[PDB]
């Protein structure tokens, strides 16, 4: 049983976003469409459920306030509308089908991030973290690249257009205030650097940004 | 709200051990119609949850024989017989007995290995940035084990929090380590206002802190 869900929904605080889940798998199984929230990294909160084949709706009484459930049963579509949004609400939102005695959600949709920020597509500043005097671990010279200030996610940071893979460590993008930040390191033999180009290589494709930045001495 | 409590947070295993996970309730999940509604979910990284076991011992159609659950009333367990690689993920318990449905915190199974001390690196601000009015100092702390570290920044001996940004690797499928970045974002004038910048990693590998500094 398969479930269809919405795009990522970037919005600014005070928004009434709407997501839909139209299932096409569970027809005649007089089942429920479930909605669950997944916080940043792990935590889960139940929002509620709706029966397409009936119109039975119930909510966790604490989401009973920010969400509402709708179903255009014909269209197989049931919608959740998250009104009044604040920064917190930036999370994955999951759809899920349940049938019979189990009282377990066996078919979960694919999810959709509802990222909130009061900023429009700011392209990124990209800076060279040449080992400005960490000096040496003999072998290890670790260089870095600082992508800071973009919005929204994602970026594609290669190092030397794809043939520099081994020793790379890119860290997940976290949001400074409304804007993202990201950095990677690349760790090397004492003879590739400085002698050969280690260019950090950032494309922030949502804002047509492509930037190669050489990490020289 | 019936509070669920899964322990431990991180269960570190090696491949093919047994994995044992506990789930406790703030009261009986036995329903007034004899059924107990305790559910278990796996969420592998980058994917959604999936139904492993509903009603404490029933494998959902398709779950293998190595996952079987047990328990009653308030205390429940999942035992994985031989932890294959495709069993790594977050295991969450849920109770459907009372309204609202509630889930327990989650349990991450990470692969074990020895320790590894963090290879720290401290990075002065880039010239390009100083022209734009900013100064951010980055510490890179690579290839360590376990995932437990303390990083304190100390701008001229005195420590600093206001304005730190931190991010994390999960386990590397090469050498099962963790890595971290800590970016202290200052302003060009705070940077010019001060001289030595310290970055310190406290972790089981040194009793004495791992330190990394520079002066501008």
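Protein chains in written order, with the numbering used here: chain A, -17 to 199; chain B, 53 to 268. Think of the CB as a built atom: it goes at the ideal place given N, C-alpha and C, for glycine as much as any other residue.
Cβ neighbours of residue i in the same chain (closer than 6 Å, five flanking residues each side left out)
i: residue 152 of chain A; result: 139, 166
i: residue 101 of chain B; result: 93, 95
i: residue -6 of chain A; result: 100
Neighbourhood of residue i by C-beta distance below 7 Å, restricted to the same chain and skipping five residues each side
i: residue 72 of chain B; result: 129, 131
i: residue 122 of chain A; result: 169
i: residue 37 of chain B; result: An answer regarding residue 37 of chain B cannot be provided, because it is not within the stretch 53 to 268 covered by chain B.
i: residue 60 of chain B; result: 159
i: residue 198 of chain A; result: 112, 176
i: residue 146 of chain A; result: 168, 180
Assigned secondary structure, residue i (DSSP; H/G/I helix, E/B strand, else coil)
i: residue 245 of chain B; result: helix
i: residue 264 of chain B; result: strand
i: residue 183 of chain B; result: helix
i: residue 78 of chain B; result: coil
i: residue 122 of chain B; result: strand
i: residue 189 of chain A; result: helix
i: residue 201 of chain A; result: One cannot answer for residue 201 of chain A here, as it falls past the ends of chain A, which runs -17 to 199.
i: residue 122 of chain A; result: strand
i: residue 202 of chain B; result: strand
i: residue 71 of chain A; result: helix
Other residues of its chain near residue i: CB distance less than 8 Å, five sequence neighbours each side excluded
i: residue 142 of chain A; result: 179, 180, 181, 183
i: residue 185 of chain A; result: 137, 138, 191, 192, 193
i: residue 165 of chain B; result: 197, 227, 228, 229
Interface partners of residue i on chain A, CB under 8 Å
i: residue 176 of chain B; result: 114, 115
i: residue 154 of chain B; result: 28
Neighbouring residues, chain B, relative to residue i (Cβ below 7 Å)
i: residue 103 of chain A; result: Simply none; closest approach about 19 Å.
Contact test: residue i Cβ vs ligand 2 heavy atom, cutoff 8 Å
i: residue 248 of chain B; result: With respect to ligand 2, the structure shown offers nothing to examine, as it has no ligands at all.
Contact list for residue i against chain B, beta-carbon separation under 9 Å
i: residue 22 of chain A; result: Correct list: empty, because the minimum Cβ distance to chain B is about 12 Å.
i: residue -15 of chain A; result: The premise fails here: residue -15 of chain A is roughly 10 Å from chain B at the closest Cβ pair, so nothing lies under 9 Å.
i: residue 151 of chain A; result: 192, 194, 195, 221, 224, 231, 233
9 Å Cβ cut-off: residues of chain A touching residue i
i: residue 106 of chain B; result: 83, 84, 85, 86, 88
i: residue 230 of chain B; result: What residue 230 of chain B touches in chain A: nothing, since even the nearest Cβ is about 10 Å away.
i: residue 171 of chain B; result: 119, 122, 124, 169
Listed by chain order, chain B residues near residue i by CB distance under 8 Å
i: residue 183 of chain A; result: Going along chain B, no residue has its Cβ under 8 Å from residue 183 of chain A, so there is no contact; the nearest lies around 16 Å.
i: residue 92 of chain A; result: 100
Chain-ordered neighbours of residue i on chain A, where CB pairs are closer than 7 Å
i: residue 190 of chain B; result: 111, 126, 128, 165
Of the residues the options, the one placed nearest residue i, counting alpha carbons only
i: residue 202 of chain B; options: B/112, B/176, B/111, B/254; result: B/254
i: residue 44 of chain A; options: A/73, A/82, A/37, A/27; result: A/27
i: residue 178 of chain B; options: B/197, B/243, B/217; result: B/243
i: residue 200 of chain A; options: A/7, A/66, A/87; result: Residue 200 of chain A is absent from the model: chain A starts at -17 and stops at 199.
i: residue 83 of chain B; options: B/148, B/143, B/117; result: B/148
i: residue 62 of chain B; options: B/85, B/142, B/106; result: B/142
- Item | Contact the segment 187 to 197 of chain B vs the segment 223 to 240 of chain B: 3+ CB pairs below 8 Å | Yes: at least three Cβ pairs fall under 8 Å.
- Validate contact between the segment 27 to 39 of chain A and the segment 47 to 64 of chain A using beta carbons, cut 8 Å, 3 pairs: The segment 27 to 39 of chain A makes contact with the segment 47 to 64 of chain A: 3 or more CB pairs, one atom from each, lie closer than 8 Å.
- Three or more C-beta pairs closer than 8 Å, one from the segment 85 to 94 of chain A and one from the segment 110 to 124 of chain A: is that the case here? no
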